[PDB]
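Asks: Each residue of the sequence shown is one higher than the one before, counting from 16 in the working numbering.
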Amino acid sequence: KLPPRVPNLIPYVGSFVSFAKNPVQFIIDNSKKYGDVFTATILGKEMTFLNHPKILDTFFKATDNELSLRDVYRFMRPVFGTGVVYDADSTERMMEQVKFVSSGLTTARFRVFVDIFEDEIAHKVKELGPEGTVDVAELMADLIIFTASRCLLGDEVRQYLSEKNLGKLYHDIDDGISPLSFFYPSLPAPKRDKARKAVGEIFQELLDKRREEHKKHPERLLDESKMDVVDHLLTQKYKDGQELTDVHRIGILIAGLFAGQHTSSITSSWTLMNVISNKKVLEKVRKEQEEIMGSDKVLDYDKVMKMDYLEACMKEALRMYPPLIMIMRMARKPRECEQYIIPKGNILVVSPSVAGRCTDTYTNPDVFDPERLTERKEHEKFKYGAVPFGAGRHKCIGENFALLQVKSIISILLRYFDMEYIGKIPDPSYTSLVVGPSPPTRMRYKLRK
Ligand code: HEM
Ligand SMILES: CC(=O)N1CCN(c2ccc(OC[C@H]3CO[C@](Cn4ccnc4)(c4ccc(Cl)cc4Cl)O3)cc2)CC1
Ligand SMILES: [Ca+2]
């Protein structure tokens, strides 16, 4: 029958307070006591957590009529939009919409992205000057506002960032979503809604500016290097023949940009922080960069694809500090799990944060040691030993773009700057929807040329 239970402190609320204090420790602490599969009530919700790589297969291999994502991620509706992604009428429709994004993430676009990255950092060093100190998380966020927007939407968006305060609107949207929004989706957030409508109107004009741009220059549609997500959204249909609405298009763009930004700036912060405050790691990374760059002065894609150790550094940081700390599904029918029979209506939960520290998989898991991956292969010990991008049917489709964005920015900054971090490396703050480092995150920098 049912699994072991974390015991209600209180009716209805259940264990929400300890869970709230630190959701990762909550799961680890209840693991050590009640075992790899336990149910805890949290603000109304029968939440059943799966805590070991070895039980995960049925979680990742199920169908969406068995384990639903849309039942648990629909709360994102007032960020994304009605009828968009996890609010689509069907999983079939969500999947098509996820593919309109993916279709701007091609090898030919990726070559152009490295250029965009070079260009936005060029502009950013003018602000930073010959030396100074800067907040790591803020810098990465601010760069990726400009780089993600141009990569997915094309160059036209930039003037909205530069002159119509678009970056401020994103923030207003971003702040209006909360871990709590999962438990209470209908919470008022009039600031968020105002901005969401603001961005809605700006992207509608962006669609409209493009639609005549297509008429004036239809060679664009033949140029694989210039085709972005906006292009694909205007020119594709659903498979069954139906037209997209401009409402759906806007929504998909916003959702895509949200995915394009937070996970990446966070991961890029934790990666860069750990790299620059470890002499050995920094040395290996600089060495690789010297080797790949040779006598060229700027990046290209092919270079980025050779940056294997820098990629292991990033992946080490995802093990330790995964930005999505919990992956979840609603059980639309009872689900069997080992001895147990997880009941209908329960929310199955899997944590990449918890996986990253599991002593079965990783020696000395509190050390940033990328050679645990490149030499010891500790991730391979299980199929789901490492799931920072998920796995199976809904595995992240941004993975390659994220690897590209974060490797490029870091390589570029390392080209420009000597950098040192100030103080000990912080803990994750479990304040936000997407978990990043407890501020502040300061470093000094000095130009090298
Ligand atoms: C370090 C960076 C990133 C991390 C850690 C990450 C993590 C994840 C994870 C864990 C999932 C699985 C969610 C689930 O199964 O419930 C996922 C799905 C997804 N990610 Fe990412 N992601 C990253 C970057 C991106 C980027 C850059 C994009 C798009 C530009 C993106 C788009 C998506 C999409 C569209 C899905 C949908 C998969 C589905 O529900 O079918 N992600 N991501
Ligand atoms: C209370 C608490 O402490 N809690 C921690 C945070 N808990 C949580 C909330 C949401 C969540 O959602 C992950 C799912 C849904 O959202 C994304 C996030 N995402 C970003 C990049 N890749 C995926 C996504 C996918 C595709 C697209 Cl188009 C856009 C996006 Cl935003 O995947 C995962 C976990 C809620 C509970
Ligand atoms: Ca887990």
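Cβ atoms here follow ideal geometry from the backbone N, Cα and C, with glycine treated the same way.
1. Name the DSSP beta bridge partners of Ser83, please?
2. Rounded to the nearest angstrom, how far is the Cβ of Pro18 from that of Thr54, given a contact under 8 Å?
3. With distances taken between CB atoms, is the gap from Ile267 to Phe115 smaller than 8 Å?
4. On the premise that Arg463 lies in contact with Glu435, defined as a C-beta separation below 8 Å, what is that separation, rounded to the nearest angstrom?
5. Hey, could you find the ends of the alpha helix (DSSP H) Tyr431 is sitting in?
6. When the Cα atoms are used, what is the spatial distance from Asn293 to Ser283?
7. Indicate the three-state DSSP secondary structure (helix, strand or coil) for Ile307 in the structure shown.
8. Please indicate yes or no: does the CB of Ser444 lie closer than 7 Å to some heavy atom of ligand 1?
9. Buried or exposed: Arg264, going by 16 or more other Cβ atoms within 10 Å of its Cβ?
10. From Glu61, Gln257 and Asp243, pick the residue whose C-alpha is nearest to that of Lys359; which is it?
11. Secondary structure at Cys166, three-state DSSP: helix, strand or coil?
12. With a threshold of 8 Å on Cβ separation, who are the neighbours of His247 within its own chain once the five nearest residues in sequence on each side are excluded?
13. Which residues does DSSP list as the beta-bridge partners of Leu65?
14. Per DSSP, residue 3 is paired with what?
15. Whose C-beta lies closer than 7 Å to the C-beta of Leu333 among residues of the same chain, with five residues either side of it excluded?
16. Answer yes or no: the CB of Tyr199 versus the heavy atoms of ligand 2, is any distance below 7 Å?
17. Going along the chain, which residues of its own chain have a beta-carbon closer than 7 Å to the beta-carbon of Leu419, five neighbours each way excluded?
18. When you compare the CB positions of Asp187 and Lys212, do they come within less than 8 Å of one another, or not?
19. Is it the case that the CB of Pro93 approaches a heavy atom of ligand 2 more closely than 7 Å?
20. Quick one, which of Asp190, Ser46 and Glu107 has its alpha-carbon nearest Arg408's?
21. Quick check: the Cα distance between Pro338 and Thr286, rounded to an integer number of angstroms?
22. Once the 5 residues before and after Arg89 are set aside, which same chain residues still bring their CB inside 6 Å of it?
23. Return yes when the C-beta of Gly371 is under 7 Å from any heavy atom of ligand 1, and no when it is not.
24. Which of helix, strand or coil does DSSP assign to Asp243?
25. So for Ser201, helix, strand or coil by DSSP?
26. Just to confirm the assignment: which complete alpha helix (DSSP H) runs, minimum length 4, are found wholly within the region 243-323?
27. So is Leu429 buried or exposed if we call it buried at 16+ other beta carbons inside 10 Å?
28. Could you check whether the Cβ of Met110 sits closer than 7 Å to any heavy atom belonging to ligand 2?
29. Using only the alpha-carbon positions, how far apart do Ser83 and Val172 sit?
30. Kindly identify the DSSP beta-bridge partner or partners of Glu351.
31. With DSSP as the reference, identify every bridge partner of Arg408, one or two as the case may be.
32. Taking only runs of the beta strand (DSSP E) that begin and end inside the region 93-159, which ones reach a length of at least 3 residues, in chain order?
33. For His186, verify whether its CB is less than 7 Å away from any heavy atom of ligand 1.
34. By Cβ distance below 7 Å, which residues in the same chain neighbour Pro455 in space, the five residues on each side in sequence not counted?
35. May I ask you to verify whether the region 181-200 touches the region 439-451, counting CB pairs closer than 8 Å and requiring at least 3?
36. Hey, how far is the Cα of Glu153 from the Cα of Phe161?
Replies: So, to answer that:
1. Translated into the one-based positions of the sequence shown, residue 83 becomes position 68. DSSP, once it has assigned bridges, lists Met345 as partnering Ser83.
2. Position 3 of the sequence shown, counted from the start, is the residue given in the question as residue 18. Position 39 of the sequence shown, counted from the start, is the residue given in the question as residue 54. The pair is a contact, with the Cβ atoms about 5 Å apart (cut-off 8 Å).
3. Locating residue 267 in the sequence shown gives position 252, where the first residue counts as 1. Locating residue 115 in the sequence shown gives position 100, where the first residue counts as 1. Yes; because the gap between Cβ atoms is below 8 Å, this pair is in contact.
4. Stepping through the sequence shown from its first residue, residue 435 is reached at position 420. Stepping through the sequence shown from its first residue, residue 463 is reached at position 448. The pair is not a contact, with the Cβ atoms about 13 Å apart (cut-off 8 Å).
5. Translated into the one-based positions of the sequence shown, residue 431 becomes position 416. Looking at the DSSP string, the run of the alpha helix (DSSP H) that includes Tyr431 is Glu414 to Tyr431.
6. For the purposes of this step, residue 293 is taken as residue 278 along the sequence shown, with counting starting at 1. For the purposes of this step, residue 283 is taken as residue 268 along the sequence shown, with counting starting at 1. Spanning the two alpha carbons is a distance of roughly 16 Å.
7. In the sequence shown, the residue the question calls residue 307 occupies position 292. Residue state, collapsed to three classes: helix.
8. As a working note, residue 444 is residue 429 in the sequence shown. Incorrect: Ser444 has no Cβ contact closer than 7 Å to ligand 1.
9. As a working note, residue 264 is residue 249 in the sequence shown. Buried, because 16 or more other Cβ atoms sit within 10 Å of the Cβ of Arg264.
10. Here residue 359 corresponds to residue number 344 of the sequence shown, with the count starting at 1. Ranking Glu61, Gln257 and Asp243 by Cα distance to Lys359 puts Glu61 first.
11. Along the sequence shown, read from residue 1 onward, the residue named residue 166 stands at position 151. Here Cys166 sits in helix by DSSP.
12. Sequence index remark: in the sequence shown, residue 247 carries index 232 (1-based). So the list reads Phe115, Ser118 and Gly119, once near-sequence residues are dropped.
13. To locate residue 65, count along the sequence shown from 1; it is residue 50. In DSSP, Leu65 forms a bridge with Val52 and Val365.
14. In the structure as shown, the chain starts at 16 and stops at 464, and residue 3 therefore has no counterpart that could be examined.
15. Start at 1 with the first residue of the sequence shown, and residue 333 comes out as number 318. Closer than 7 Å at the Cβ level, and outside the excluded window around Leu333, lie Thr282 and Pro403.
16. If you number the sequence shown from 1, residue 199 lands on position 184. Checking every heavy atom of ligand 2 against the Cβ of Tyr199, none is found closer than 7 Å.
17. Translated into positions along the sequence shown, residue 419 becomes position 404. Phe125, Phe128 and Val319.
18. In the sequence shown, counting from the first residue as 1, residue 187 sits at position 172. In the sequence shown, counting from the first residue as 1, residue 212 sits at position 197. No; because the gap between Cβ atoms is not below 8 Å, this pair is not in contact.
19. The residue you call residue 93 lines up with position 78 of the sequence shown. Incorrect: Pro93 has no Cβ contact closer than 7 Å to ligand 2.
20. Taking the sequence shown and counting its residues from 1, one reaches residue 408 at position 393. Minimum Cα distance to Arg408 is reached at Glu107.
21. For the purposes of this step, residue 338 is identified with residue 323 of the sequence shown, where counting begins at 1. For the purposes of this step, residue 286 is identified with residue 271 of the sequence shown, where counting begins at 1. Cα-Cα distance, rounded: 12 Å.
22. What you label residue 89 is simply residue 74 of the sequence shown in a count that begins at 1. Here the set comprises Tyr101 and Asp102.
23. Taking the sequence shown and counting its residues from 1, one reaches residue 371 at position 356. Every heavy atom of ligand 1 is 7 Å or more from the Cβ of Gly371, so no.
24. Counted from its first residue, the sequence shown places residue 243 at position 228. Coil at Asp243, not helix or strand.
25. Position 186 of the sequence shown, counted from the start, is the residue given in the question as residue 201. Here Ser201 sits in coil by DSSP.
26. 244-250, 261-291, 294-308 and 316-320
27. By one-based count along the sequence shown, residue 429 stands at place 414. With 16 or more other Cβ atoms within 10 Å, it is buried.
28. Counting from one through the sequence shown, the residue named residue 110 turns up at place 95. No, since every heavy atom of ligand 2 falls outside the 7 Å radius drawn around the Cβ of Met110.
29. Position 68 of the sequence shown holds residue 83. Position 157 of the sequence shown holds residue 172. Taking the straight line from one Cα to the other gives about 35 Å.
30. As a working mapping, residue 351 is identified with position 336 in the sequence shown. Paired residues: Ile356.
31. For the purposes of this step, residue 408 is identified with residue 393 of the sequence shown, where counting begins at 1. According to DSSP, which records beta bridges pairwise, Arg408 is partnered with nothing at all.
32. 146-150
33. Translated into positions along the sequence shown, residue 186 becomes position 171. No.
34. Position 440 of the sequence shown, counted from the start, is the residue given in the question as residue 455. Cβ within range, chain order: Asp150.
35. yes
36. Translated into the one-based positions of the sequence shown, residue 153 becomes position 138. Translated into the one-based positions of the sequence shown, residue 161 becomes position 146. About 13 Å.
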